[PDB]
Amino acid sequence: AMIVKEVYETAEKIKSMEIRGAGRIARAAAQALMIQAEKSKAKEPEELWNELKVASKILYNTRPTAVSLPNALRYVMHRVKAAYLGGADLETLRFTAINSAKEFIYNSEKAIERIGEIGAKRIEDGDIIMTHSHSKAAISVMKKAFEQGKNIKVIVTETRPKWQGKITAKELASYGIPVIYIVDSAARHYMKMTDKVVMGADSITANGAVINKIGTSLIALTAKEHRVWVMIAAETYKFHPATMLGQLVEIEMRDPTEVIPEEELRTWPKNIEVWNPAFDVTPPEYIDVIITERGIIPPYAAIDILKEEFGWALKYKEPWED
C-alpha cells in the first residue's frame, strides 16, 4: 500500500513503451522491485512482503505478451516468498529482494553477451542478414559477428507502427555495420539476397512457437519459402511456462493512434477501425534454431528448457499472490 513512485513510473514507462524490448522491460521490473525494497519504510517483514506483492501486481499488469516480465518478477518473488514464509527478519527479506533483482539483471546481461557469442558462430563472412524490430539479443549476434571480422550487411525492416527499425539501423551503423533499410512490405523482394534471418522473441511456447513483433511470422514464412535460416535469439526467460499447461499467449492490442496519429484519426469516418496488434506468432516449422545462453536448440526443444527450469513452479500460484 506504501508503494514508491519508482514502481509507478516504471509501470507507466513500460505501458507507454518508453521502456520497451522484452529483456529490458524484465530488467526494469526487477529494478523496480529492487528500489521498492531499498526505499521501503516497512517495519515488519509482513509490511514489506505486502509492498513487494502489490508492486509486482502493478508491474505485471503493464504489458501482457512478453513473458520475460512475469519471469523477472517470479525470479525475484519466488525467492522473496521463500525467505518470508521461512521467517526472515525485515532486513533478510529486504536483501533477498534486492539481491535477487540484482542477479536477474546481472544474469540478463551475461545471457545476452553469451547469445551473441553463440549466435555469431552461425554467421559467415559475407553474410547478408535480415532482422526485424529491435532485439538486444539479435543485435548482440550481429554485433559480435562483425567484431570477429566477418563482413556482414544487415537488412533492417522498418517495423511499423512504432518504427523500431530506425533504432536498429542507427545502432548497427554506429558499430561499423553497413545497413540496408527497407519497409516491411519489401521483405519477400529482398529475401533472395538474404543469407540469414536473425530476430528476437517476446515469448516462446511449449511447442516452439515464437511470439515476436508484428510481421515476424511473414519474414519467417518467406524465409522458409526461400530456405534462408531463420535464427531466433532469445534468453531462457523468454520461454513461457504457462503454455506447458495449455495457456495461449495473449496478443497485445495497442492504441490505434500509434498507427494513425490522433489529429488525423478523428477526421476519419466512424466505419474505419484501426487494429494494432503488437505481435504475431511464428510456427516452429519456420524456425531453424533458437539461440539461448545455454546453447543452440531446435524450436521443439523449447519444452526441455521449460521442463528443466520453469515447470517446478506450475503446481504453485504466482509468488506475488494474495
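Each residue number is its position in the shown sequence, starting from 1.
Of the two segments, 41 to 49 and 249 to 257, the one listed with the higher mean B-factor is 41 to 49 (C-alpha atoms only).
Comparing the deposited coordinates for 106 to 114 and 206 to 214, the stretch with the larger average C-alpha B-factor is 106 to 114. The entry assigns its greatest Cα B factor, within the set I287, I297, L265, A26, to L265.
In the deposited entry, the Cα temperature factor of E91 sits in the top third of values across the chain's modelled residues. In this PDB entry, the Cα temperature factor of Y84 sits in the top third of its chain's modelled residues, the highest group.
Sort the chain's modelled residues by C-alpha temperature factor and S140 lands in the lowest third, per the entry. Sort the chain's modelled residues by C-alpha temperature factor and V197 lands in the lowest third, per the entry. When the CA B factors of the chain's modelled residues are split into thirds, the value for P269 lands in the highest one.
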